[PDB]
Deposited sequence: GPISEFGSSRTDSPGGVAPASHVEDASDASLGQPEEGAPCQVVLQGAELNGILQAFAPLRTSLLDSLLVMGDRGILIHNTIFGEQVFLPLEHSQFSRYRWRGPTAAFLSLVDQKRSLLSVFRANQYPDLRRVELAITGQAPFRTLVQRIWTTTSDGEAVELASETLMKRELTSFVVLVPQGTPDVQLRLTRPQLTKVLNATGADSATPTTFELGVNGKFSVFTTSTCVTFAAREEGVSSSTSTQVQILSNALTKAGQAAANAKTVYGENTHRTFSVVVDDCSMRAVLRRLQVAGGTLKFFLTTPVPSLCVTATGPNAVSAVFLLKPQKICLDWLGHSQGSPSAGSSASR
């Protein structure tokens, strides 16, 4: 095998077939950051930052040796290393291997696809093998730390919450969890509330560290656009309040595991 290799056959390849399906074409043009922990798939949709982790756990064989290596997903500015996992682009596929060979700064990935031939082993699409050399300089900036509070929604709950905020600079949209645990979002026109329940009706949300109140507000409006452009089926909201620019990450719990990180206005707390 390759010095660095990542294999997926079924019962781990079907798992990624669930992960990638809704994501659609956006994240085709991405950054894959591969290391010993897995592949982090970073993109920016409408400016706002998006990451899709796919951990070493989640493959049929993960072997990483070397520094971390970042490949621009697009090969030759037309084809993607991540279109192999588009919902139905290669029907009947069976295996995908990521082979990363070469020396620490200059490695190349080669992505080999295979199909289950009708009653057969492989059709290996040498007409669809992709070969990418790595970036050799990259600085990607990644969410840090644990959240200052986080709030699990089902899908309808989150579709409501997103549908409340406004996608234009004129409205700024505010998220506030006040005392007794009634978590709310609103603007000059819309408002929505839910009741927060701990972990350790249809208008309630389960979360951790709700006792940490907050009241944050959001500008530079892309958030509904993005969490629909990603097709998020409900997910956790998680708020990082500590920062000189506090951050909101909507992490899906869904068949995907995508996450979109947004920034907010500087907020006084404590």
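Which ranges of the deposited chain go unmodelled, in order along the sequence?
Deposited residues absent from the model fall in 1 to 36, 237 to 260, 331 to 349.
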